[PDB]
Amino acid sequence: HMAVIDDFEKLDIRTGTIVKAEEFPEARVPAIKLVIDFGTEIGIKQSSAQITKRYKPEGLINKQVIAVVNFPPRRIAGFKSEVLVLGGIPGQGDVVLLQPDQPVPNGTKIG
């Protein structure tokens, strides 16, 4: 139950901008396919995000989001999800996205 700072330092947590978002009707659990620009050191990354409760694709473009970018990928229905986009989880199937409280460059590190 207790972590150390070393646990946290293993993670590469970064800001990126949603540049594409589409409904993902092939996922078992409702999801949106995201493409996110993490700047040129990290690259442009795909994510499958179970965020259909509060969000629509037309509302996601140009949002700054927060993701762990140094995990192995997960394939769902053939789509390669490359990053874990972080959010608060107020209840089952519910997500509230995290964001920097003001704009920062893509690839800005979190600590």
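A residue's number is simply how far along the shown sequence it sits, counting from 1.
Fill in: Of 56 to 64 and 78 to 86, the stretch whose C-alpha atoms average the higher B-factor in the entry
Per the PDB record, 56 to 64.
Practice prompt. Identify the stretch, either 27 to 35 or 65 to 73, whose C-alpha atoms have the larger mean B-factor according to the entry.
Written response: Averaging CA B-factors over each stretch, the winner is 27 to 35.
Worksheet item: Would the CA B-factor of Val104 place it in the lowest, middle or highest third of its chain?
Response: Lowest third - that is where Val104 ends up once the chain's C-alpha B-factors are sorted.
Item to complete: Pull the Cα B-factor of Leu11 out of the PDB entry and bin it into the chain's lowest, middle or highest third.
Response: Lowest third - that is where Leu11 ends up once the chain's C-alpha B-factors are sorted.
Worksheet item: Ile5's Cα B-factor: lowest, middle or highest third of the chain?
Response: As the PDB entry reports it, the C-alpha B-factor of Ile5 lands in the highest third of its chain.
Fill in: Third assignment of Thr40 from its chain's C-alpha B-factors
Middle third - that is where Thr40 ends up once the chain's C-alpha B-factors are sorted.
Worksheet item: Can you tell me which third, lowest, middle or highest, the CA B-factor of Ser47 falls into for its chain?
Response: Its C-alpha B-factor, which the entry lists for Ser47, ranks in the middle third among residues of this chain.
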